[PDB]
Amino acid sequence: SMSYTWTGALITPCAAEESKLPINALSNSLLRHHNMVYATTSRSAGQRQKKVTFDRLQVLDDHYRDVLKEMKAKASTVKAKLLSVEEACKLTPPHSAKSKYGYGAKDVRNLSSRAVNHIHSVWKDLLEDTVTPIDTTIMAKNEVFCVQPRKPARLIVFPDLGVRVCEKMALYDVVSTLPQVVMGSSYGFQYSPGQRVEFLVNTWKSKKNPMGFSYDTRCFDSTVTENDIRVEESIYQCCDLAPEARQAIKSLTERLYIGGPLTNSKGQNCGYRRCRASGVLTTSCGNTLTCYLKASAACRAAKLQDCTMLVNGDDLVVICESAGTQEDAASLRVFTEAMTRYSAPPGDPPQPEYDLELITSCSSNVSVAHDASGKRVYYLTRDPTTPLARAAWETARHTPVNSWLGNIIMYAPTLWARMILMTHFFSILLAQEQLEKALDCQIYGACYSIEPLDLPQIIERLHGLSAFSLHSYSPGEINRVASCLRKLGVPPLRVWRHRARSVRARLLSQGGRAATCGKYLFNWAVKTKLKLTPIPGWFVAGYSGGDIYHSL
Ligand SMILES: CNC(=O)c1c(-c2ccc(F)cc2)oc2cc(N(Cc3ccc(B(O)O)c(F)c3)S(C)(=O)=O)c(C3CC3)cc12
Ligand SMILES: CNC(=O)c1c(-c2ccc(F)cc2)oc2cc(N(Cc3ccc(B(O)O)c(F)c3)S(C)(=O)=O)c(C3CC3)cc12
Numbered sequence: 001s002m003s004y005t006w007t008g009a010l011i012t013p014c015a016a017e018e019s020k021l022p023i024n025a026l027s028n029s030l031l032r033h034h035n036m037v038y039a040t041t042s043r044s045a046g047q048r049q050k051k052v053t054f055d056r057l058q059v060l061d062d063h064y065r066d067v068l069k070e071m072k073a074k075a076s077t078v079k080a081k082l083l084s085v086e087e088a089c090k091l092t093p094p095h096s097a098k099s100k101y102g103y104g105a106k107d108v109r110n111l112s113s114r115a116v117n118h119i120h121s122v123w124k125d126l127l128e129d130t131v132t133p134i135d136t137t138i139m140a141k142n143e144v145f146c147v148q149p154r155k156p157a158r159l160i161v162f163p164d165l166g167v168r169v170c171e172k173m174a175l176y177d178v179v180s181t182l183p184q185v186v187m188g189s190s191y192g193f194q195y196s197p198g199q200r201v202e203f204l205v206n207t208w209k210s211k212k213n214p215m216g217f218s219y220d221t222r223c224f225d226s227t228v229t230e231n232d233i234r235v236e237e238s239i240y241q242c243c244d245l246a247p248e249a250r251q252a253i254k255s256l257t258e259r260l261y262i263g264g265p266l267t268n269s270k271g272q273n274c275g276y277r278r279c280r281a282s283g284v285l286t287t288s289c290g291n292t293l294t295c296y297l298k299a300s301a302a303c304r305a306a307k308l309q310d311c312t313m314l315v316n317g318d319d320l321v322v323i324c325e326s327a328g329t330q331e332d333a334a335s336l337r338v339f340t341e342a343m344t345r346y347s348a349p350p351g352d353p354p355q356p357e358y359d360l361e362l363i364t365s366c367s368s369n370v371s372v373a374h375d376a377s378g379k380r381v382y383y384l385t386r387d388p389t390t391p392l393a394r395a396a397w398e399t400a401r402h403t404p405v406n407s408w409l410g411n412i413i414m415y416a417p418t419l420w421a422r423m424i425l426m427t428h429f430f431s432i433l434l435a436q437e438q439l440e441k442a443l444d445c446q447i448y449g450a451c452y453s454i455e456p457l458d459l460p461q462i463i464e465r466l467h468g469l470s471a472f473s474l475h476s477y478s479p480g481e482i483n484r485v486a487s488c489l490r491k492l493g494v495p496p497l498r499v500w501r502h503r504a505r506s507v508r509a510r511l512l513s514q515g516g517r518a519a520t521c522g523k524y525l526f527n528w529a530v531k532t533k534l535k536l537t538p539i540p549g550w551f552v553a554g555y556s557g558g559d560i561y562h563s564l
């Protein structure tokens, strides 16, 4: 079965699209090599269509069915509630795509009768009809990258706002609670970055002769079959559910999750989907379960010993007991063959690693630094090229999501986040007096409204107090950052050190929460260090593409 079928009608844009990096008076202070940065547009949608369109064969063995049965047994202990309309409405983002039926995200959040009324009728229709395919819009994503020796736009597929609210009613409690019960410590989204590092390190140490590898499936969403989506439904149905919820889950599976027609922004028919939709509520939970099922079964087929898996979305790492270097390489070949039989072939073949730091997953690697006491601290980092490119875009253009803010929160302990992102944007915020203004950002796919002044308390909680005192970074980490700065024409770290002194002094001058930001975020910038004492529902699950929002 083909992941997609196309009519030939184009994937059209809704708003205007810029590909060229916008420039303002602040741009050159961050990034000089402007022509290296670009945003994807619908012009490249054709190229992406060819990538994501292929046939899927699936061969399912006993290992696969043995793991599914075990997953079902754990799912049978889960009790999930139906959300009310009001509750589901409050989870809708303010800038979520408006309905085609005359109401938008702000109407939903307000509980206006027109919105609430349409929602009730969509809900009723789901309960009464379990066969009619539900429409979806297909759009090209506008995302910023650095050129590499251009990527075509990614595609988002999502149903109408009324349906998305009904998904929350039926499934929000399920996708929030089920994954951790079924997958235990292997469900990646339960961890803060700090807890994640601690788990990777403790897992690595729990093995006598440790071996680990990342496994990255080629275009995962397209690899997901009707079988996979039905199996996924059968897991949800093991839950203790309200009758309306059972019916609505079955209905959404048959009518939406399994597949359906694709309509462009101008209302024309683009084709038909028979794989995972990227923009529905179950996208993250479905992918994680499916990746866990296939991967756990693959481990057994390859006879890997004492496996510990870590899964979030389509991203996967396994840490296990080495059988010897030659025997490990053979077992990974078998692992890959099984995953391929299950329809999930790798992009690049997996490689066994015998140091935790040589494993790359979710674009991130573990690295080492030292705190104020001098004790080694592990933390997660990545190549700063994409975050910096996006920082440059957001310096000249206000965007829906503030990637700079997300990156500061998620990568707060890193050299590049602390010296560059924190310095640059706090300076921008000071000049406009916008320190107390709440900003939208994405954490694990979910949208959060956060005031910049709350970063110290947020950072402390996700990474620990050590994130404000790390020094003596690895030579490899330093060189990767410096190299990236030269590549993009970003000023070197010594210049940022100078700018940070100014930003800190300005923050302190204002007192209050601002002074707190100056004290904790920029303590790395001065010789006479101030002694850092403590300062007086964020990680349940992942919701990528799931239209989820939280405030405070
Ligand atoms: C199975 N892979 C892992 O679980 C992770 C490893 C890993 C690396 C090496 C190794 F050997 C083992 C594991 O690193 C990670 C770093 C992140 N982060 C970055 C980040 C990546 C993507 C998004 B996105 O799509 O929403 C995001 F929001 C933040 S973060 C905030 O720092 O924790 C994550 C987050 C949950 C998605 C996972 C892993
Ligand atoms: C200690 N207080 C300081 O202000 C620091 C001085 C310094 C030294 C002498 C002097 F006269 C003035 C300042 O150098 C530092 C180096 C770092 N690192 C990062 C880093 C910063 C800049 C460059 B640069 O472009 O050469 C670099 F190569 C690496 S590191 C080796 O990993 O710990 C840090 C990290 C943030 C805590 C602090 C300082």
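Read in order, the letters of the sequence shown correspond to residues 1 to 149, 154 to 540, 549 to 564 in the entry's author numbering.
Idealized CB from N, CA, C, for every residue including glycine.
Can residue i and residue j be called in contact, C-beta distance under 7 Å?
i	j	result
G192	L336	no
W408	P388	no
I262	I239	no
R56	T229	yes
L392	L492	yes
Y101	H118	yes
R394	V85	no
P163	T130	no
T390	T418	no
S288	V67	no
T92	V116	no
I424	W528	no
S371	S196	no
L285	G558	yes
Quick check: the Cα distance between residue i and residue j, rounded to an integer number of angstroms?
i	j	result
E341	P349	8 Å
residue 150	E331	Structure remark: the chain lacks residues between 149 and 154, so residue 150 is without coordinates.
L30	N231	49 Å
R32	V161	36 Å
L439	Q514	11 Å
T520	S27	28 Å
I412	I463	9 Å
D318	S431	37 Å
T537	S367	33 Å
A157	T257	27 Å
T403	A25	18 Å
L511	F429	12 Å
In the DSSP output, which residue or residues are listed as bridge partners for residue i?
i	result
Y524	BP columns for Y524 are empty, so no partner.
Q47	DSSP lists no partner for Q47.
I138	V161
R380	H374
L443	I454
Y191	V315
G264	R277
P214	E325
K535	DSSP, once it has assigned bridges, lists no residue as partnering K535.
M2	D55
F145	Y38
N369	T385
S563	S453
Return yes when the C-beta of residue i is under 6 Å from any heavy atom of ligand 1, and no when it is not.
i	result
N291	no
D319	yes
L314	yes
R278	no
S368	yes
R394	no
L204	yes
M2	no
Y296	no
Relative to ligand 2, is the shortest distance from any of its heavy atoms to the C-beta of residue i smaller than 6 Å?
i	result
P496	yes
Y383	no
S476	yes
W550	no
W420	no
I463	no
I482	yes
Would you please state the rounded distance, in angstroms, between the beta carbons of residue i and residue j? I believe it to be under 8 Å.
i	j	result
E325	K155	Actually they are not in contact, since the Cβ atoms of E325 and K155 sit about 38 Å apart, beyond 8 Å.
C295	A75	Going by Cβ atoms, the distance from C295 to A75 rounds to 16 Å, so no, they are not a contact pair.
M173	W123	7 Å
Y555	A450	4 Å
Just to check, is the beta-carbon of residue i closer than 6 Å to a non-hydrogen atom of ligand 4?
i	result
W528	Looking for ligand 4 in the displayed structure turns up nothing; the ligands present are ligand 1 and ligand 2.
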